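Working notes, structure below.
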Amino acid sequence: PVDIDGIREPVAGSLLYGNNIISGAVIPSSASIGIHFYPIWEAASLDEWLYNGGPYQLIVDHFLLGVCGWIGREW
Amino acid sequence: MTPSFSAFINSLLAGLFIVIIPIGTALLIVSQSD
Amino acid sequence: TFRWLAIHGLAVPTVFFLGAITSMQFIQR
Amino acid sequence: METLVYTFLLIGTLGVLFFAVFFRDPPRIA
Amino acid sequence: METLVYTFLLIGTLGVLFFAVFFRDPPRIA
Amino acid sequence: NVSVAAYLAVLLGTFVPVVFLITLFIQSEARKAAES
Amino acid sequence: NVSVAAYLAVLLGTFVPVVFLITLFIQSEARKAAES
Amino acid sequence: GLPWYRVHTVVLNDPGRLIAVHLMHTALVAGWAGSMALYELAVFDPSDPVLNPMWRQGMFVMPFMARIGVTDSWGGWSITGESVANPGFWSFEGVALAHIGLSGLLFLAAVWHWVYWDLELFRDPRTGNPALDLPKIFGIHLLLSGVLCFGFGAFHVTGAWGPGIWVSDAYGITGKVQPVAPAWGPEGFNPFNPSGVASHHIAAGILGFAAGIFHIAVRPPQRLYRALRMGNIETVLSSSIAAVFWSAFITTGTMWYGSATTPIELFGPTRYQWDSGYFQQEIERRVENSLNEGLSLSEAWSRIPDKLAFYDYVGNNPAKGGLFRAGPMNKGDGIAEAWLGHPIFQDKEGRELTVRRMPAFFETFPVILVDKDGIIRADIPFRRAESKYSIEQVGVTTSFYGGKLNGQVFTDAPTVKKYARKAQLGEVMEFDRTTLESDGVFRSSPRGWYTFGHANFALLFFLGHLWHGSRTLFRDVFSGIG
Amino acid sequence: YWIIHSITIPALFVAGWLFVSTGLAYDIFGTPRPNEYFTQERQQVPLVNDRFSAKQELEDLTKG
Amino acid sequence: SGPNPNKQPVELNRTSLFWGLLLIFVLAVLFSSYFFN
Amino acid sequence: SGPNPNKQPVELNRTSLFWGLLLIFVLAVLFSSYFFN
Amino acid sequence: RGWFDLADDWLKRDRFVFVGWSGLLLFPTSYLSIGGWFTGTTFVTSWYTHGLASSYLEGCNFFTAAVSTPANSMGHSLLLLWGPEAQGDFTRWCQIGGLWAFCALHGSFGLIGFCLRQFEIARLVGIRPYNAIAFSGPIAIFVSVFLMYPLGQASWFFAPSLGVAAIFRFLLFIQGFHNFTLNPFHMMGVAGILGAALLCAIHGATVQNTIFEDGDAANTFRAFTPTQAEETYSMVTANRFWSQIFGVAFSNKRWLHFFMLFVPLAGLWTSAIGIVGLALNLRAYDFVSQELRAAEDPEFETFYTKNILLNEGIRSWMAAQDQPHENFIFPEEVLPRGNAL
Amino acid sequence: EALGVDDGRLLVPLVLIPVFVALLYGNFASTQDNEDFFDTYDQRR
Amino acid sequence: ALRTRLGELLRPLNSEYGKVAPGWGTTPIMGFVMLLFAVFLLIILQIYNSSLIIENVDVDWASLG
Amino acid sequence: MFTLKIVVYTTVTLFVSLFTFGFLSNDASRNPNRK
Ligand code: CLA
Ligand code: CLA
Ligand code: CLA
Ligand SMILES: C=Cc1c(C)c2cc3nc(c4c5[nH]c(cc6nc(cc1[nH]2)C(C)=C6CC)c(C)c5C(=O)[C@@H]4C(=O)OC)[C@@H](CCC(=O)OC/C=C(\C)CCC[C@H](C)CCC[C@H](C)CCCC(C)C)[C@@H]3C
Ligand SMILES: CC1=CCCC(C)(C)[C@H]1/C=C/C(C)=C/C=C/C(C)=C/C=C/C=C(C)/C=C/C=C(C)/C=C/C1=C(C)CCCC1(C)C
Ligand SMILES: CC1=CCCC(C)(C)[C@H]1/C=C/C(C)=C/C=C/C(C)=C/C=C/C=C(C)/C=C/C=C(C)/C=C/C1=C(C)CCCC1(C)C
């Protein structure tokens, strides 16, 4: 679960933590992160990175690059 | 005969004489004329 | 023509409503 | 246990997409 | 509820027997 | 007080082999009808 | 959280239509192979 | 070859195999009826007919069996709760067997027709091609319909040579199967008069008999034969689908709004009875009348039947369930055991306060207690919210009249708040949720499930009417234009 | 074309203007004027309560 | 009885098979959460 | 790649289908009591 | 010939506007529905039904003007002008919301007339009637939303009012009281609509970008003429492009156009099924397992629970003004707030 | 902070890899006819 | 085509396929009966809808007793 | 953390360099109308 509001109150969005396909989601990054660049190597631990919603930033950045590449590849 | 039944019958008559009869008259009058 | 009728059935209310709305524009509201 | 059903359904859908892409009926001019 | 499953299995077996008897491949001399 | 997956096992182990046999028989009959 | 009925509904609802489509496709391919 | 969605069109021009597949569908339907009745019997509990009725146990076909006379059972019980000495072959167990027996016969007939697809009857003497005189078949079938219709009304709904139908009071406290005489005046037209059913079926049966004679004797005009494509079976299919979704819409409306053919003891209360307080006004009415007699409040509320109080409960509202909240209403809020009695709330000053009842639209409703003039005196605050009119701060107290808690006064805030939450649901009832592991989320009555299913079926059959009518009116131009 | 329209289209517009200017619109469609939304007494929202006495109710509400 | 002239072969192409499998799996994914409630 | 010369058609006659259906149903009847325990 | 024949000949004449037999139902009903909507949004108020001002005469603009639904005291009454509610009085009929019933009924009959018009013109031109089957989608939408939903509810009051802001209010009201986004049939409808828009855009771009060079001009719209026996764009090039870009591509034009027809129609019919389910409050509002998990675990939170809280907020903070007939009075303490959770 | 390079070792990939590939490209570049074309694009390849 | 006793018994009922009456036949009678049926449906609908209140026709549950 | 960062930097630099030098390799000539 990810502390999205940055208030030590984690929100679960994973299938293993009690979500179904409809409720399941990749929770956005922590509000304490803001729009700071948050890769894996910029977190103290992997648990910290998962707790602050780092995978959301990873997926968003790689997806947004992939769709730009898809536009270019269609051309 | 409640006022409701009287409204119903007059509604049937008005629909006949304001909608059905005028429109039908026109179609027969113009269809036959052309 | 039938077109005449349909055009006037559209237009005679259209101009009436335009006049009504223009009058509504000058209400003290 | 329902998580196993959800994962199975998602993986089955992805496999159906894979087989539809790489094992489609090959288009030919007739 | 398991009684429903037992009854369903028994009637399915009886129906399979019925179809095997009355819808078999008709023997012929070759 | 019966089990739960128990129903799943019974129903699927009945259906999976039945639909396989039915599919095989229908395929064979289709070949026979197409060739004839 | 629902009973094996919810599991039976999802698994059978998925399989009964899947095996029907697979049987139909295999029958069609069998006819195509037999006639060619 | 044929696509998957046109396969059954092989029996479009084969009358024998069309009869075979229709026989198969009738066999499947009858087998479903018998199996559903047997399953419902295996699950039905006749222990508590007043507080655990059939509509609280998810019974679907049992209400339709009980509507037109089947009330006894081979187990020595009846739905009215009377103990039947000699049930009789026509019992829900017997009726369930009869539907299954019919299904077996239909399957054998369908196979015989399928094997003998080629019968002389089916062939046109003139051309030697399989054909069906529908205008005539319609007439023969219409005439058959009229006879069966007239018959149900004259011998069954009336009781001349039949059991009669289910007739109850205005508040579903005393209802049973009984003969109903026909009402030939205008009073036979309101949906809430059972006599109208008998008069309708008799008159419509006679008219249908006459119409069948006509449609047998008289051939259709050439203009109608060419316009409606009466030589094509698909126009019959389209018209039949149109009439069936028409009837489906009508039955959906009668079930949802209520009728003499949808008794509340068989299908449960309607939502509009809760919206207008149909049972609450009667309960208050009875209490006032008892008080006018001099009877004290406790005696007045003790004269109220449990069934009537259970009707004035929002958990029995059909508009409180969910689409995927499956199972009976007992699975939803537990099985009702006994009526706890009417609660009365009084503040420190002594004003009588009423908990505003929950409208069916709200999944959650604020708990507010209001005085005679409608001022809010107390409320349960939204969780962890600072308040000024809390039940603890205003000191509301609850005194029960009638039921198990009759004569008991509760001053403690936790108990008062619990009863106040329960009071917003209408009459306070005690439920057990261990026997069925109930989740506490309201389910829907069989009335609501029937309404939902048949409304969706009617819409999809309107789509089918459009498609099949387009198909039969555009047969020449299908498969491409020129 | 332009001859007849030069004397009826103008009138049609003016008629609409007058309909509103005179206040007939309010009288015909029952739309409350800006000074009669809340009567001194009825300072609350007026709502019909019964369907079969709706005409009388509205006559009572709009009498002021 | 005898040979029935109305017998017709039934064909389902691969595209139709994949369309059907995708539809069934997607409907299962959608309605599984609601069936499990 | 290319057409493989080892491909052979599979046949299941009706007697074999009925034998298989009977075997599966009988095994289900036998083992249902033990699976339900 | 016979009167019918001559009337049929006249109604079928090739004029600028086709009339036909279906026109006798379509033109008056549709004209009256449109005119009644304009009259309601221009003059008729909603003060005695909703406690709202909804006319240009009252000061509303295009967005906030609406033909509001009848009062909740009317129930599911046909609200005939001669009916017992109005008793022939036009002013009282407009004040009780009878103009909404006028518009809704004459508009439903206008939709029926337009569907019959599509059928009749298709029968004339000699083409398959795949129109009036596509239009069955919008017909089902209108029937489920404006007719079946209020009929399943308490009265016509809970139907959508014929206005922009009224439609937005209906959206938010249904979301608050039903959680309609969570409804799977609504999800299928959203998928159908978005996929239809995707198909329209992608098919237009694909055709425009695979045209044959049939002209010497840089602007290629002149290179096409309707009397062409040759295709104006390369299906093979488009199939190759989409098969090596997306992994799958259309090879049959007929199937492609039938699919572009089928997706929005299926989406609309699924959404209609969902709205019919909503009509009886038979809604996929909540997941029981998630509610039970949240009840026994205060630290368990998902976006579904946040949506449930948001729907509770819409219901409590709108009930008072959206349903003035109920006379809802909620103190500030009972109103839910994120601060107090 | 210049490329997110907080450790000098990060500059060994950012330089060696672009150079090495460029070296592969230099062979393509030496094989091309590199005289000027008066055209929208060079078709010589 | 198999001949049966029941087939020969019911054969005249399925003998006049395509037989039609000349012109319009009984079409005005059908239209008149359809108009009467439409009026009857309107009457019963407005009675259920409570837009039509005949005396001694209380469309209500309380009319049951 | 440094090793993951150096691996990611290596991979990203490799792919970006491949992209850049691939579009520098006379990409316009790679069309079916080129002679
Ligand atoms: C001997 C025949 C027979 C008898 C006595 C019964 C008796 C019964 N059946 Mg069974 N059934 C039968 C045959 C029979 N069935 C067959 C053949 C089928 C297969 C199609 C079924 C399928 C079936 C199901 C699926 C169910 C029943 C149910 C029932 C019970 C309630 C009946 C009811 O409410 O009907 C109500 C029927 C109607 C309202 C239909 C009315 C007819 C319409 C209005 C005709 C409209 C068109 C018409 C031609 C127009 C006439 C024009 C006019 C001018 C004359 C009852 C015990 C129910 C039950 O309780 O479960 C066991 C149930 O759910 N039956
Ligand atoms: C007109 C049809 C109809 C109606 C109104 C009812 C009504 C009822 N039934 Mg019955 N039933 C029916 C047909 C019907 N049944 C048939 C045909 C069967 C045989 C399969 C059954 C078998 C049956 C059983 C075994 C039981 C009931 C029960 C019930 C009750 C509660 C049902 C419930 O909660 O629904 C819940 C419904 C849902 C959760 C889903 C409904 C379908 C939705 C709309 C979606 C389906 C489409 C979707 C695309 C599917 C996706 C598939 C995907 C996996 C590929 C209620 C009285 C129960 C009861 O209390 O009786 C004692 C019970 O135990 N019914
Ligand atoms: C009395 C009702 C009735 C009857 C006899 C028919 C008969 C026919 N229809 Mg029509 N149809 C109906 C109702 C009916 N339909 C309705 C209500 C709809 C609206 C959805 C349609 C929509 C429709 C279309 C769009 C088409 C037909 C077609 C056909 C023909 C072939 C059907 C086929 O092979 O399906 C084969 C079906 C399958 C192999 C599997 C379908 C399974 C479905 C999707 C779900 C399972 C349903 C379940 C098992 C039982 C439903 C319960 C019941 C109460 C509804 C046949 C003449 C087709 C045709 O030939 O016309 C050119 C065609 O294109 N029909
Ligand atoms: C909100 C979206 C929306 C609108 C406004 C709309 C509107 C229209 N589509 C039509 C056609 C179609 N719609 C089609 C597919 C679709 N249409 C869709 C969505 C829409 N379609 C969708 C999602 C699909 C995919 C299935 C097809 C296939 C057709 C056609 O064949 C037809 C056409 O030719 O279009 C090119 C026309 C129908 C004319 C008619 O009934 O006769 C006259 C109008 C009548 C009878 C309506 C008046 C009564 C209405 C229902 C109530 C009154 C409404 C007020 C006047 C306005 C209220 C405004 C507020 C709500 C804001 C009309 C221009
Ligand atoms: C053989 C014969 C010989 C002579 C006499 C005999 C011995 C007595 C006899 C044997 C007879 C007996 C043993 C035969 C009796 C047999 C059986 C029990 C008949 C039952 C059929 C069940 C019906 C068709 C259900 C369909 C379920 C619905 C459509 C699925 C619906 C679902 C779809 C997906 C839509 C969504 C959800 C719902 C709506 C739930
Ligand atoms: C500037 C601007 C910006 C964007 C572009 C733009 C949109 C083009 C433009 C807008 C321009 C504008 C503002 C355009 C506006 C145009 C308008 C307002 C047209 C109004 C037409 C009114 C009609 C048809 C009413 C007819 C009444 C009838 C049928 C009565 C019915 C009756 C009722 C009440 C019911 C009882 C029965 C009877 C008695 C029959």
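Structure notes:
- Single residue of H:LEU148, H:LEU134 found to be more than 16 Å from ligand 5 (Cβ to nearest atom), surrounded by fewer than 16 Cβ atoms within 10 Å (Cβ to Cβ) and of a type outside the set (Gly, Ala, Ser): H:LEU148
So that you can scan it fast, the table gives a plain yes or no per residue for (1) in contact (Cβ under 8 Å) with a residue 12 or more places away in the chain; (2) more than 30 Å from G:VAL2 (Cβ to Cβ); (3) of a type in the set (D, E, K, R):
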{"residue": "H:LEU308", "(1), (2), (3)": "yes, yes, no"}
{"residue": "H:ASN317", "(1), (2), (3)": "yes, no, no"}
{"residue": "H:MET329", "(1), (2), (3)": "yes, no, no"}
{"residue": "H:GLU349", "(1), (2), (3)": "no, yes, yes"}
{"residue": "H:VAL355", "(1), (2), (3)": "yes, yes, no"}
{"residue": "H:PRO366", "(1), (2), (3)": "yes, yes, no"}
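- H:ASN193 meets all of the listed conditions (1) more than 10 Å from chain N (Cβ to nearest Cβ); (2) buried (at least 17 other Cβ atoms within 10 Å of the Cβ); (3) under 21 Å from the mean Cα position of the chain (by Cα); (4) in contact (Cβ under 8 Å) with a residue 40 or more places away in the chain but one, namely (1).
- Residue check, L:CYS115 away from ligand 6 (no atom under 16 Å from the Cβ), within 23 Å of the chain's Cα centre (by Cα) and either over 19 Å from I:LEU47 (Cα atoms) or not hydrophobic (A, V, I, L, M, F, W, C) (or both): yes
- Residues of segment H:466-482 that are more than 7 Å from every other protein chain (Cβ to nearest Cβ) and either closer than 17 Å to L:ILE273 by Cβ or hydroxyl-bearing (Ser, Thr, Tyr) (or both): H:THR472, H:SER479.
- Any hit, segment I:7-24, residues being exposed (fewer than 11 other Cβ atoms within 10 Å of the Cβ) and either touching a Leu at 6+ places or on another chain (Cβ under 8 Å) or without any contact (Cβ under 8 Å) to a residue 60 or more places away in the chain (or both): yes
- Conditions (1) closer than 30 Å to H:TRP77 by Cα; (2) free of Cβ contacts under 8 Å to residues at least 60 places away in the same chain; (3) more than 11 Å from ligand 1 (Cβ to nearest atom): number failed by H:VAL50: (2)
- Residue within segment H:100-122 that is within 16 Å of ligand 2 (Cβ to nearest atom) and in a helix (DSSP H, G or I) present: yes
- Any hit, segment H:43-53, residues being within 16 Å of ligand 5 (Cβ to nearest atom), among the acidic types (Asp, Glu) and out of contact with any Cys (no Cβ under 9 Å at 6 or more places or on another chain): no
- Residues that are away from ligand 3 (no atom under 16 Å from the Cβ) and surrounded by 16 or more Cβ atoms within 10 Å (Cβ to Cβ) do occur in segment H:242-253, at least one of them.
- The listed residues are H:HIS201, H:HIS215, and the only one of them that is within 13 Å of another protein chain (Cβ to nearest Cβ) and more than 16 Å from ligand 6 (Cβ to nearest atom) turns out to be H:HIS215.
- Neighbours by Cβ (under 6 Å, 6+ apart or cross-chain): first from chain D, under 19 Å from G:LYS32 (Cβ atoms) and within 11 Å of chain L (Cβ to nearest Cβ); second surrounded by fewer than 14 Cβ atoms within 10 Å (Cβ to Cβ) and among the small types (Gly, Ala, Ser): none
- Of the helices (runs of 4 or more DSSP H) lying entirely inside segment L:66-170, those containing at least 3 residues that are in contact (Cβ under 8 Å) with a residue 60 or more places away in the chain and farther than 30 Å from N:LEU52 by Cβ are L:98-125, L:136-142.
- Of the residues making up segment L:284-341, those that are at the interface with chain H (Cβ under 8 Å from one of its Cβ atoms), more than 17 Å from A:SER23 (Cβ to Cβ) and hydrophobic (A, V, I, L, M, F, W, C) are L:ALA319, L:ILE329, L:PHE330, L:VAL334, L:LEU335, L:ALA340, L:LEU341.
- From the options H:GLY16, H:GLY69, residue that is under 17 Å from H:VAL111 (Cβ atoms) and either within 16 Å of ligand 5 (Cβ to nearest atom) or touching a residue at least 24 places away in the same chain (Cβ under 8 Å) (or both): H:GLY16
- Condition check for L:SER22: touching a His at 6+ places or on another chain (Cβ under 7 Å), within 14 Å of ligand 4 (Cβ to nearest atom), part of a helix (DSSP H, G or I) and more than 10 Å from chain I (Cβ to nearest Cβ): no
- Scanning segment H:62-76 for residues that are surrounded by fewer than 20 Cβ atoms within 10 Å (Cβ to Cβ) and over 23 Å from H:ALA160 (Cβ atoms) yields H:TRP74, H:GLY75, H:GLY76.
- Hey, I:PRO10 within 11 Å of chain C (Cβ to nearest Cβ) and over 18 Å from L:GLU58 (Cα atoms) or not: yes
- Residue count for segment J:1-33, restricted to those that are more than 17 Å from the chain's Cα centre (by Cα) and among the hydroxyl-bearing types (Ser, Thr, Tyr): 3.
- The C-beta contact set for segment H:19-44 (first residue away from every other protein chain (no Cβ under 14 Å) and under 24 Å from H:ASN330 (Cα atoms), second residue assigned to a helix (DSSP H, G or I) and more than 16 Å from ligand 6 (Cβ to nearest atom), distance under 6 angstrom, 6+ apart or interchain) comprises H:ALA33/H:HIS99.
- Checking H:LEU459 against (1) within 16 Å of ligand 4 (Cβ to nearest atom); (2) in contact with a strand residue (DSSP E or B) (Cβ under 6 Å, 6 or more places away or on another chain), the condition it does not meet: (2)
- Whichever residue in segment L:117-132 is of a type in the set (A, V, I, L, M), within 11 Å of chain H (Cβ to nearest Cβ) and surrounded by fewer than 20 Cβ atoms within 10 Å (Cβ to Cβ) and, among such residues, is farthest from ligand 3 (Cβ to nearest atom): L:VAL125
- Any chance I:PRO34 is under 30 Å from L:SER73 (Cβ atoms), within 14 Å of chain C (Cβ to nearest Cβ) and either surrounded by 12 or more Cβ atoms within 10 Å (Cβ to Cβ) or not small (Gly, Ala, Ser) (or both): yes
- Of the listed requirements (1) over 15 Å from L:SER55 (Cβ atoms); (2) among the β-branched types (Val, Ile, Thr); (3) in a loop (DSSP other than H, G, I, E, B), I:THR31 misses just one: (1).
- Tally of residues being surrounded by fewer than 23 Cβ atoms within 10 Å (Cβ to Cβ), touching a residue at least 60 places away in the same chain (Cβ under 8 Å) and not in a loop (DSSP other than H, G, I, E, B) across segment H:297-306: 5
- Among residues of segment A:18-44, those that are of a type outside the set (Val, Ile, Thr) and more than 9 Å from every other protein chain (Cβ to nearest Cβ), counted: 8
- Checking each residue of segment L:148-168 against the condition of being over 25 Å from J:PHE35 (Cα atoms), within 11 Å of chain H (Cβ to nearest Cβ), out of contact with any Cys (no Cβ under 8 Å at 6 or more places or on another chain) and within 16 Å of ligand 2 (Cβ to nearest atom) gives at least one match.
With ideal geometry, Cβ positions are generated from the backbone for all residues, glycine too; neighbour counts draw on all protein chains shown. Each value in this text was obtained by applying a stated rule to the coordinates, not by laboratory testing.
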